[PDB]
Amino acid sequence: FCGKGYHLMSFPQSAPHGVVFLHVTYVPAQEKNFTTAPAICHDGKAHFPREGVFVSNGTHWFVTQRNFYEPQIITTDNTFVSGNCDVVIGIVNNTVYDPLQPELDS
Amino acid sequence: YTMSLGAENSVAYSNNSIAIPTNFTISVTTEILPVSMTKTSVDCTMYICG
Amino acid sequence: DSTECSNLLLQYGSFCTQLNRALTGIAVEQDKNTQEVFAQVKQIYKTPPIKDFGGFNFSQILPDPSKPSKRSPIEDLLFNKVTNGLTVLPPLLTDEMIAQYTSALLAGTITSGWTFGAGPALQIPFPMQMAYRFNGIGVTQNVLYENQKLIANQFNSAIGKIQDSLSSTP
Ligand SMILES: *[C@@H]1O[C@H](CO)[C@@H](O[C@@H]2O[C@H](CO)[C@@H](O)[C@H](O)[C@H]2NC(C)=O)[C@H](O)[C@H]1NC(C)=O
Ligand SMILES: *[C@@H]1O[C@H](CO)[C@@H](O[C@@H]2O[C@H](CO)[C@@H](O)[C@H](O)[C@H]2NC(C)=O)[C@H](O)[C@H]1NC(C)=O
Ligand SMILES: *[C@@H]1O[C@H](CO)[C@@H](O[C@@H]2O[C@H](CO)[C@@H](O)[C@H](O)[C@H]2NC(C)=O)[C@H](O)[C@H]1NC(C)=O
Ligand SMILES: *[C@@H]1O[C@H](CO)[C@@H](O[C@@H]2O[C@H](CO)[C@@H](O)[C@H](O)[C@H]2NC(C)=O)[C@H](O)[C@H]1NC(C)=O
Ligand SMILES: *[C@@H]1O[C@H](CO)[C@@H](O[C@@H]2O[C@H](CO)[C@@H](O)[C@H](O)[C@H]2NC(C)=O)[C@H](O)[C@H]1NC(C)=O
Ligand SMILES: *[C@@H]1O[C@H](CO)[C@@H](O)[C@H](O)[C@H]1NC(C)=O
């Protein structure tokens, strides 16, 4: 409706008997393949991304936002737990870091 | 010639692979929309009869 | 073919030019409408040869290889169910090319979700795409993943009911 791509903003310009809209949009570029999984199996629990997606570069698993590659460590703060690992089709095994663990470890 | 719709692009679909963008383009496009016409008035008596 | 009639018709001026111009404008407007509706992608996307979409069946909407027209069963049913100086101009886009455009749109929305509509087509597994759509309407991803077989069965049943309803209603 407001240009090709994800619409960011628009600017109006007057024209003879008309209007010209300059649509400023965000276009994704330089995409890269990654291996993806619906959920992460850890401690017999299924973890799902809170806002992002699980991606793998070949050896390590990360969670990133869907529209830009920004890999982050899969923690309990960006994932949520729902059920065990027996139900979700395609769940893979990976560790889930806990930020609170070094606090009581020290 | 017989016109071509577009270049063929077979998307590499598989059940466990995703494509994530690593960059972005800020694209500005133009959209021209007419708003008004010339306001014309015709005197019917003067047009038909002078 | 009457010369006298045309000579008398010339006394009325450029009415014929106006009518021809209006009809020409309508005729080009129809082609513009078809371009605006169907030609929204400049890439002709194709489905993978293996139809592994996590239980989701799209056979009733994807083009049938057995048919020479390369139409879907639903589109084939739709085409079957629709039945002195005058000329009929053919449309600029033929039915097979319009079907090809719909096939490209279907392949893009199945293999890439909404990414192809906003830029480059980014591949994503179809259950993950459905989970994204679930999040769009405010339902968590887990609900989709846990009940994936049920959702796929319901979708296939609904598509079959659509074909039956179209085939059974005049
Ligand atoms: C996937 O990305 C991770 C993190 O960027 C890579 O792990 C790093 O690899 C470099 C190279 O040896 C090491 O110096 C870092 O210490 C590693 N970081 C961690 C947290 O282990 C990983 O190698 C990448 N895998 C591939 C196949 O590219
Ligand atoms: C992921 O981890 C689970 C749990 O550790 C693995 O499930 C085990 O599989 C072995 C061999 O198939 C069984 O003997 C265990 O009883 C299973 N445990 C549970 C809790 O189910 C699973 O195989 C692992 N998957 C991968 C790919 O490593
Ligand atoms: C992601 O991987 C797929 C498959 O490995 C790549 O698709 C192939 O790309 C090559 C290079 O142009 C083509 O010659 C093949 O025909 C493609 N195969 C299919 C099935 O499309 C894809 O290019 C990769 N994407 C990225 C960004 O690396
Ligand atoms: C993302 O793409 C932009 C293109 O706009 C890249 O910016 C270019 O980077 C090269 C290499 O440093 C420069 O020579 C160009 O002048 C840059 N262009 C502009 C407009 O600044 C950017 O580096 C890319 N980033 C990644 C991570 O690929
Ligand atoms: C997808 O659905 C189609 C049709 O709904 C299935 O095709 C049917 O397959 C059965 C068993 O082979 C046949 O008895 C039917 O006659 C087929 N129907 C049609 C219209 O051809 C198809 O098997 C389903 N699954 C897949 C993976 O394509
Ligand atoms: C993808 O399909 C392969 C079979 O080709 C199967 O072995 C694998 O488990 C599937 N992965 C998922 C996540 O469904």
# chains A, B, ... in the order shown; residues from 1 in each chain; ligands from 1
>>> closest_atom_pairs(of="chain C", to="ligand 5", cutoff="10 Å", atoms="only C-alpha atoms and all ligand atoms", output="Markdown table")
| residue | atom | partner | partner_atom_place_in_ligand_line | distance |
| --- | --- | --- | --- | --- |
| C:50 | CA | ligand 5 | 27 (C) | 8.9 |
| C:51 | CA | ligand 5 | 27 (C) | 6.5 |
| C:52 | CA | ligand 5 | 27 (C) | 7.4 |
| C:53 | CA | ligand 5 | 27 (C) | 8.9 |
| C:54 | CA | ligand 5 | 27 (C) | 9.8 |
| C:55 | CA | ligand 5 | 27 (C) | 7.6 |
| C:56 | CA | ligand 5 | 1 (C) | 8.1 |
| C:57 | CA | ligand 5 | 1 (C) | 4.8 |
| C:58 | CA | ligand 5 | 1 (C) | 6.7 |
| C:59 | CA | ligand 5 | 2 (O) | 5.5 |
| C:60 | CA | ligand 5 | 5 (O) | 6.6 |
| C:64 | CA | ligand 5 | 21 (O) | 9.6 |
| C:73 | CA | ligand 5 | 20 (C) | 8.1 |
| C:156 | CA | ligand 5 | 5 (O) | 7.4 |
| C:157 | CA | ligand 5 | 5 (O) | 8.7 |
| C:159 | CA | ligand 5 | 5 (O) | 8.6 |
| C:160 | CA | ligand 5 | 5 (O) | 6.8 |
| C:163 | CA | ligand 5 | 5 (O) | 10.0 |
>>> write_last_selection(atoms="N, CA, C and O atoms", output="short mmCIF file (atom, residue, chain, number, x, y, z; two decimals), in the first residue's frame")
data_model
loop_
_atom_site.label_atom_id
_atom_site.label_comp_id
_atom_site.auth_asym_id
_atom_site.auth_seq_id
_atom_site.Cartn_x
_atom_site.Cartn_y
_atom_site.Cartn_z
N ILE C 50 9.81 -32.27 -4.47
CA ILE C 50 9.31 -33.03 -3.33
C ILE C 50 8.33 -32.16 -2.55
O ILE C 50 8.70 -31.08 -2.07
N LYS C 51 7.09 -32.62 -2.42
CA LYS C 51 6.05 -31.85 -1.74
C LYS C 51 5.99 -32.21 -0.26
O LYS C 51 4.99 -32.70 0.26
N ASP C 52 7.10 -31.94 0.44
CA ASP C 52 7.20 -32.19 1.88
C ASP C 52 6.99 -30.87 2.61
O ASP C 52 7.94 -30.11 2.84
N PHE C 53 5.75 -30.59 2.99
CA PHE C 53 5.40 -29.35 3.67
C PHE C 53 4.93 -29.59 5.10
O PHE C 53 4.18 -28.78 5.65
N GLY C 54 5.37 -30.69 5.72
CA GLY C 54 4.99 -30.98 7.09
C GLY C 54 3.54 -31.38 7.24
O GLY C 54 2.91 -31.05 8.26
N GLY C 55 3.00 -32.10 6.27
CA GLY C 55 1.66 -32.62 6.32
C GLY C 55 0.65 -31.80 5.55
O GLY C 55 -0.48 -32.27 5.35
N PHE C 56 1.02 -30.61 5.12
CA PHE C 56 0.12 -29.72 4.39
C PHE C 56 0.06 -30.16 2.93
O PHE C 56 1.09 -30.34 2.29
N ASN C 57 -1.16 -30.32 2.42
CA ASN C 57 -1.40 -30.78 1.07
C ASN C 57 -1.91 -29.61 0.24
O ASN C 57 -2.92 -29.00 0.59
N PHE C 58 -1.22 -29.32 -0.87
CA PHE C 58 -1.58 -28.24 -1.77
C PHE C 58 -1.89 -28.73 -3.17
O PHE C 58 -1.77 -27.96 -4.13
N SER C 59 -2.24 -30.01 -3.33
CA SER C 59 -2.46 -30.58 -4.65
C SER C 59 -3.66 -29.96 -5.36
O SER C 59 -3.68 -29.88 -6.59
N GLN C 60 -4.66 -29.52 -4.60
CA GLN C 60 -5.86 -28.96 -5.20
C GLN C 60 -5.66 -27.53 -5.68
O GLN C 60 -6.48 -27.03 -6.45
N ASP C 64 -1.59 -28.90 -12.04
CA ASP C 64 -1.56 -30.33 -12.31
C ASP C 64 -0.64 -30.61 -13.49
O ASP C 64 -0.86 -30.04 -14.57
N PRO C 73 -6.58 -28.19 -10.06
CA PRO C 73 -7.93 -28.77 -10.11
C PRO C 73 -9.04 -27.78 -9.77
O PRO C 73 -10.11 -27.82 -10.40
N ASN C 156 -6.38 -29.59 5.04
CA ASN C 156 -6.64 -30.45 3.89
C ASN C 156 -8.14 -30.71 3.75
O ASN C 156 -8.67 -30.71 2.63
N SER C 157 -8.82 -30.94 4.88
CA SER C 157 -10.25 -31.19 4.87
C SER C 157 -11.00 -29.96 4.37
O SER C 157 -11.97 -30.08 3.61
N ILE C 159 -9.83 -27.58 2.36
CA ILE C 159 -9.56 -27.40 0.93
C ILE C 159 -10.41 -28.37 0.11
O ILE C 159 -10.99 -27.99 -0.93
N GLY C 160 -10.55 -29.61 0.60
CA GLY C 160 -11.43 -30.56 -0.07
C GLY C 160 -12.88 -30.13 -0.02
O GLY C 160 -13.62 -30.32 -0.99
N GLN C 163 -13.46 -27.54 -2.68
CA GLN C 163 -13.61 -28.12 -4.01
C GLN C 163 -14.98 -28.76 -4.17
O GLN C 163 -15.63 -28.61 -5.22
#
>>> residues_around(residues="residue 11 in chain A", least_positions_apart="3", cutoff="7 Å", atoms="only C-alpha atoms", output="PyMOL selection string")
chain A and resi 21-23
>>> residues_near_ligand(ligand="ligand 4", cutoff="8 Å", atoms="only C-alpha atoms and all ligand atoms", output="list in words")
residues 29 and 30 of chain A; 22, 23, 24 and 25 of chain B
>>> atom_distance(atom1="CA of residue 38 in chain C", atom2="CA of residue 66 in chain C")
24.0 Å
>>> interface_residues(of="chain A", to="chain C", cutoff="8 Å", atoms="only C-alpha atoms", output="PyMOL selection string")
chain A and resi 4-6+27-29+31+38+48+82+87-89
>>> select_by_dssp(residues="chain A", states="strand (DSSP E)", output="PyMOL selection string")
chain A and resi 6-15+18-37+40-42+45-49+53-56+61-64+72-73+79-81+92-93
>>> interface_residues(of="chain B", to="chain A", cutoff="9 Å", atoms="only C-alpha atoms", output="PyMOL selection string")
chain B and resi 15-38
>>> closest_residue(among="A:74, A:42, A:96, A:57", to="ligand 3", atoms="only C-alpha atoms and all ligand atoms")
A:57
>>> atom_distance(atom1="CA of residue 83 in chain A", atom2="atom 24 (C, counted along the ligand's line) of ligand 2")
16.1 Å
>>> atom_distance(atom1="CA of residue 35 in chain C", atom2="CA of residue 94 in chain C")
11.6 Å
>>> closest_atom_pairs(of="chain A", to="ligand 1", cutoff="7 Å", atoms="only C-alpha atoms and all ligand atoms", output="tab-separated table")
residue	atom	partner	partner_atom_place_in_ligand_line	distance
A:57	CA	ligand 1	1 (C)	5.0
A:58	CA	ligand 1	27 (C)	4.4
A:59	CA	ligand 1	25 (N)	5.0
A:60	CA	ligand 1	1 (C)	5.3
>>> residues_near_ligand(ligand="ligand 2", cutoff="8 Å", atoms="only C-alpha atoms and all ligand atoms", output="list in words")
residues 41, 42, 43, 44, 85, 86, 92 and 93 of chain A
>>> write_last_selection(atoms="C-alpha atoms", output="PDB file, in the first residue's frame")
ATOM      1  CA  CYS A  41      15.244 -29.730  23.486  1.00  0.00           C
ATOM      2  CA  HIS A  42      16.978 -29.094  26.812  1.00  0.00           C
ATOM      3  CA  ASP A  43      16.571 -30.975  30.127  1.00  0.00           C
ATOM      4  CA  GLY A  44      13.550 -32.797  28.731  1.00  0.00           C
ATOM      5  CA  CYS A  85      10.415 -32.834  23.590  1.00  0.00           C
ATOM      6  CA  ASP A  86       8.168 -35.740  22.565  1.00  0.00           C
ATOM      7  CA  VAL A  92      16.865 -30.746  18.074  1.00  0.00           C
ATOM      8  CA  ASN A  93      19.120 -31.116  21.104  1.00  0.00           C
TER       9      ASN A  93
END
>>> closest_residue(among="A:99, A:77, A:106, A:91", to="ligand 6", atoms="only C-alpha atoms and all ligand atoms")
A:91
>>> select_by_dssp(residues="chain A", states="alpha helix (DSSP H)", output="list in words")
residues 101, 102, 103, 104 and 105 of chain A
>>> write_last_selection(atoms="N, CA, C and O atoms", output="PDB file, in the first residue's frame")
ATOM      1  N   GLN A 101      22.882 -18.846  36.608  1.00  0.00           N
ATOM      2  CA  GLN A 101      23.761 -19.918  37.080  1.00  0.00           C
ATOM      3  C   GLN A 101      25.122 -19.444  37.608  1.00  0.00           C
ATOM      4  O   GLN A 101      25.518 -19.909  38.694  1.00  0.00           O
ATOM      5  N   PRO A 102      25.876 -18.538  36.947  1.00  0.00           N
ATOM      6  CA  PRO A 102      27.109 -18.041  37.587  1.00  0.00           C
ATOM      7  C   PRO A 102      26.870 -17.190  38.822  1.00  0.00           C
ATOM      8  O   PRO A 102      27.806 -17.013  39.612  1.00  0.00           O
ATOM      9  N   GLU A 103      25.665 -16.640  39.002  1.00  0.00           N
ATOM     10  CA  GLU A 103      25.402 -15.815  40.175  1.00  0.00           C
ATOM     11  C   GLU A 103      25.372 -16.648  41.452  1.00  0.00           C
ATOM     12  O   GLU A 103      25.962 -16.251  42.463  1.00  0.00           O
ATOM     13  N   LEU A 104      24.701 -17.801  41.438  1.00  0.00           N
ATOM     14  CA  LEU A 104      24.766 -18.656  42.616  1.00  0.00           C
ATOM     15  C   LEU A 104      25.974 -19.581  42.589  1.00  0.00           C
ATOM     16  O   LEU A 104      26.298 -20.177  43.622  1.00  0.00           O
ATOM     17  N   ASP A 105      26.637 -19.724  41.435  1.00  0.00           N
ATOM     18  CA  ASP A 105      27.893 -20.467  41.400  1.00  0.00           C
ATOM     19  C   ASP A 105      28.997 -19.719  42.138  1.00  0.00           C
ATOM     20  O   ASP A 105      29.835 -20.337  42.806  1.00  0.00           O
TER      21      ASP A 105
END
